[PDB]
Amino acid sequence: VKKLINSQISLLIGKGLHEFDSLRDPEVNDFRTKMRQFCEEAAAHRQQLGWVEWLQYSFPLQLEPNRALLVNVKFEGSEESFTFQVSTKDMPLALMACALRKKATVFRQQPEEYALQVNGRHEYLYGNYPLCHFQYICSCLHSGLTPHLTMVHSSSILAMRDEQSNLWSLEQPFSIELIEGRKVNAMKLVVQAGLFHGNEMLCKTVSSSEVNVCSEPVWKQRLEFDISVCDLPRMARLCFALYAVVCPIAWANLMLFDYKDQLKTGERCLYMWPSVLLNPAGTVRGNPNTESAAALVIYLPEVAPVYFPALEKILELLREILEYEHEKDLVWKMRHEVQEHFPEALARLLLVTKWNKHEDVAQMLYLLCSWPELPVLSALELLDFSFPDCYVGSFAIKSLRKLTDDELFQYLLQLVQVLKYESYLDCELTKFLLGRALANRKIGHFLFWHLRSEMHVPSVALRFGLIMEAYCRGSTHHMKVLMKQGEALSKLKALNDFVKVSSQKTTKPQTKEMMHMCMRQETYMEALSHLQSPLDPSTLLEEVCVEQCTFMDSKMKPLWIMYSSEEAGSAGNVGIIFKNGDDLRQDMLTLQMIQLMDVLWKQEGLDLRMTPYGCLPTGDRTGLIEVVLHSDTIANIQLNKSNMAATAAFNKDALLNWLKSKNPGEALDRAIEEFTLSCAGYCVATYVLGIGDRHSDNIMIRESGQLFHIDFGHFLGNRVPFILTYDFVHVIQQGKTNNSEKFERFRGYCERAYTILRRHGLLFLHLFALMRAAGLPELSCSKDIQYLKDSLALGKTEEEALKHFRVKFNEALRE
Ligand SMILES: C[C@H](Nc1nc(N)nc(N)c1C#N)c1nc2cccc(Cl)c2c(=O)n1-c1ccccc1
């Protein structure tokens, strides 16, 4: 009944829905109700879209950031096919007309009733775009594959849609009573408190008295703060730190206002979190491990039933050479000049605002309500924790609504991590993510995985769980599609555990042949087959190809899973790598950033022929990596095996020999330039991102000639110099030991790549600052965000970074 769905949702999201109920938290219950209605209502909107609108929902166009080609076309009811010559400049429509006409005149005697499906993928060609704007077509013009498409009539598209349906009156100091605490180790105990707005201190911190390493220590000590109850900003949070003195122990935070803006009065038991001293960015909800978490007991002094003032009441209440406090005062003084003449400097203005004074806040808020929308780039900055105010938060979201689905997809990883900054469950960001998610199935797909992958983390398990639940209410059908993916990943985990055990006790070929027998069990064949890929919902993983499955004899023994589809031919032979035991968030970020470089470069004419292959954490130290087909490690090739076509007289010739064995005759020259472009992209990418520990085992090359990096795990230093491998130069110089014309064009590719990136440098800084929310160990400080200082030399001009890049480039040809 409705129980079945609840059951399925509990299984999918990784948490029983009953566990939400058992909290009897009215904030939790209001979220679920309000968001369910919101999400069910979008679902209602979806069920009645035009068939082309539904195409846009479920299969958003995959577009690239004249000269004719072969295309293969068939219809849905018949396996009869027609091969056409068309131009890369032709619209899908023209192709559909040539398809309809040749059908008409073979069955004996309208294109607007059709769309073109890519064979074996959840991808479609439609809209008024030349064919060469479609990613699948571009991937065929480079692979030399022939595009195979299927004429799908509007009637069976609608069949798909339908089957997928379902008070400033308070003078006194604000003060706390610190009653007592309880859990321990090991000396003397102190409780440091603190009033914060974001990570701006609302006032001076106050420590408690030194008390003995008693367990259940006691204080009753009233703590009064240097700020009045009427001057607490809406988003004020009180932060505690409990430590030992002759060593940190725990921290815990909370909002002084509830989620209904009612200022908090009464007793609070604060279930604390373990430590590294005050941690304002930390979550405002208590440690769920109540059986063993230290708890701090406090009392919140009553003051009368007061609510934070409504917005109406709030509202009724040389400058250039900046783009020091005397400086800070000029900006606030000249704040009207900001709005009307420097609207995008809003961030800087908000940072000089006095958040501990309600009149200053009301003034700023009044300006904020008249403030014109900002560019996406400005808005990305405003989402950071250093802009905690809810109205600012909303303004930021409002400025983000013009995000295209392509950009939103690029930034989605960061928007999700920002959720960990929120103070309340119901928030504009959550509502925005959900809306976008319900309107674009690809967003929804990855929204889900970003949330599901962290459910093992107790500080976000609740929020993320609720969000996935609401989204499931918004698509009962996608939930089942998603369950299917989790069932496959559950089986891959079981299978991987067996391989870990078996390979320690027998040989690889024995483990492999029993990996195969495990896979051939019916529950495994069923679970592992006919699923959308979590790496890319548009990629369909049909028949699992057991005989080509294997595993790496390395480390975590990751699995190699191959698929084939008898309806895709070309685009159906694909593989995924399942890895359990490594943290993959790092790799995902890095590949995201490289993909964004690829976009920035490409949307300026420069195609460095990158390979941004998929990488998706799906669970605790668990995820998928997309297999890049027809590729090999530098290591395997430089191994210079006997017998092979690439066997060389000199080690430096192995790579170039390998390429020529893969690209005979004329074909070699394109492989060389591909190697060359891709080389320059990754050299610049790895230099800017600070990816070290680069070697022949983590660099690969495609038979096309394309070089790409894998297994990143580091970046930002956690300081790296530009890398130039002599064996690469040798390929670049087409083998000749002097070839300045080929070598200097390569030096050209690097510098332009570098300068393009240097222009959108702020974008990178904004995204990485947001990423700090993720708690990756390699991105924890200002010093990390600093490293992106030099790489991009954003302090300098023109380029007066001019010549940073010489030295690093000219140093790099040490090797
Ligand atoms: C290193 C390589 N990594 C990738 N290989 C491609 N093709 N695409 C990727 N995205 C990545 C990654 N990451 C790789 N990864 C594996 C992962 C799991 C299981 C196996 Cl059995 C392998 C494996 O054999 N190789 C390998 C392949 C060609 C030569 C030497 C070793």
Side-chain angles (χ1 to χ4, degrees), residues 118-123 135-136 139-140 142-143 145 445 449 484-485 487-496 498-499 508 511-513 515-516 518-520 524-582 584 587-588 591 595 610-619 622-633 635-636 662 697-704 706 708-711:
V118 173
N119 277 24
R121 321 193 61 248
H122 275 187
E123 188 182 6
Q135 262 170 28
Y136 170 73
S139 299
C140 284
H142 274 307
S143 272
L145 289 151
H445 172 95
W449 281 115
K484 175 58 156 137
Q485 292 168 47
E487 295 168 347
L489 286 154
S490 177
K491 241 66 182 164
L492 286 168
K493 164 61 174 170
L495 184 64
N496 208 341
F498 167 85
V499 171
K508 167 156 186 184
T511 294
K512 176 176 170 173
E513 92 164 72
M515 174 186 171
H516 285 188
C518 176
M519 288 181 81
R520 290 186 229 263
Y524 274 75
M525 293 290 290
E526 203 73 325
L528 296 177
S529 317
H530 309 121
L531 62 108
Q532 298 174 22
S533 182
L535 296 148
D536 181 5
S538 143
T539 293
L540 301 181
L541 310 176
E542 303 282 14
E543 275 72 33
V544 50
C545 284
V546 180
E547 272 284 312
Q548 27 274 350
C549 295
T550 189
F551 67 93
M552 190 166 263
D553 190 72
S554 78
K555 317 180 195 126
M556 314 301 315
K557 307 282 167 50
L559 300 166
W560 182 275
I561 323 297
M562 290 290 312
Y563 290 82
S564 60
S565 176
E566 75 181 67
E567 176 61 47
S570 33
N573 294 348
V574 292
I576 61 170
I577 291 169
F578 176 88
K579 188 191 229 307
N580 177 223
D582 279 330
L584 282 181
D587 297 77
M588 170 174 64
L591 285 159
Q595 167 78 75
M610 312 295 287
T611 309
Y613 57 86
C615 175
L616 184 65
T618 59
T622 299
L624 294 186
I625 292 174
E626 174 183 18
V627 162
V628 185
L629 304 155
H630 313 292
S631 81
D632 207 338
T633 51
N636 264 6
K662 295 303 175 174
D697 286 295
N698 59 25
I699 304 170
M700 306 184 68
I701 163 165
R702 298 206 253 170
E703 300 187 356
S704 82
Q706 295 172 269
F708 62 105
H709 290 232
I710 66 172
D711 290 338

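In what follows, residues are counted from 1 in the order of the sequence shown. Computed from heavy atoms alone, side chains included, the values below leave out hydrogens, waters and symmetry copies.
The nearest pair of heavy atoms linking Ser538 to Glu123 is OG-CB, 4.0 Å. Shortest non-hydrogen contact noted between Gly614 and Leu535 is C-CD2, 3.6 Å. Contact detail for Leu492 and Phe578: the closest heavy-atom pair is O-CE2, 3.5 Å. Scanning all heavy atoms of the two residues, the minimum distance from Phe708 to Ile701 falls at CE2-N, 4.2 Å. Nearest heavy atom pair, residue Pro534 against residue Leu531, reads CD-CD1, 4.1 Å. Between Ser529 and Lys484, the shortest heavy-atom distance links the atoms O-NZ, 2.7 Å.
Proximity of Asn496 to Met556: side-chain heavy atoms (C-beta onward) are nowhere separated by under 4.5 Å. Side-chain contact between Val546 and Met525: present, with at least one pair of heavy atoms (C-beta onward) separated by less than 4.5 Å. Two residues are said to be in side-chain contact when any heavy atoms from C-beta on lie closer than 4.5 Å; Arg702 and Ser631 meet this criterion. At least one side-chain heavy atom of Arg121 sits under 4.5 Å from a side-chain heavy atom of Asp536. At least one side-chain heavy atom of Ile576 sits less than 4.5 Å from a side-chain heavy atom of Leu541.
In summary, the side chains of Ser564 and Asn573 do not present any donor paired with an acceptor at a separation below 3.5 Å, with no hydrogens or angles considered.
Taken to the nearest 0.5 Å, the OH atom of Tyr563 stands 10.0 Å off from the CD atom of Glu542. Atom NE2 of residue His122 and atom OG1 of residue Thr539 lie 11.0 Å apart, to the nearest 0.5 angstrom. Here the straight-line distance linking atom CZ of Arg520 with atom SG of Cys549 works out to 9.0 Å at 0.5 Å rounding. Rounding to the nearest 0.5 angstrom, the gap separating the NZ atom in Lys555 from the NZ atom in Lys579 is 6.0 Å. The OG atom of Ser490 sits 10.0 Å away from the CG atom of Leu528 when rounded to the nearest 0.5 Å. Here the NE2 atom belonging to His445 is positioned 6.0 Å from the CG atom belonging to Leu616, to the nearest 0.5 angstrom.
With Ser139 contributing its side chain and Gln135 its backbone, the two residues share a donor-acceptor pair below 3.5 Å. Not a single donor-acceptor pair under 3.5 Å links the side chain of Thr611 to the backbone N or O of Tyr613. Here the side chain of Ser704 pairs a donor or acceptor atom with the backbone of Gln706 at under 3.5 angstrom.
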Using side-chain contact (heavy atoms from CB on, under 4.5 Å), reason through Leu559 and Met515 one step at a time and then give a plain yes or no.
CA-CA 10 Å; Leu559 300 166; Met515 174 186 171; 3.8 Å; yes
Stepwise, does the side-chain contact (heavy atoms from CB on, under 4.5 Å) test hold for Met700 with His709?
CA-CA 6 Å; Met700 306 184 68; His709 290 232; over 6 Å; no
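Judged by the 6.0 Å and 45° rule, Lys508 forms a cation-pi pair with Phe551.
With sequence neighbours left out, the side-chain hydrogen bond (donor to acceptor under 3.5 Å, both in side chains) criterion links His630 to no other residue. Remark: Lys662 pairs with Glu703 by the salt bridge (charged side-chain N to carboxylate O under 4.0 Å, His left out) rule, at least two apart or across chains. By the side-chain contact (heavy atoms from CB on, under 4.5 Å) test, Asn698 is found to be paired with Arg694, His695, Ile710, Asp711, residues two or more places apart in sequence or in another chain being considered.
The one candidate from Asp553, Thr550, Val499 that meets the side-chain contact (heavy atoms from CB on, under 4.5 Å) condition with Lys512 is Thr550.
More than 12 heavy-atom neighbours from other residues, nucleotides or ligands sit within 6.0 angstrom of CD on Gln548.
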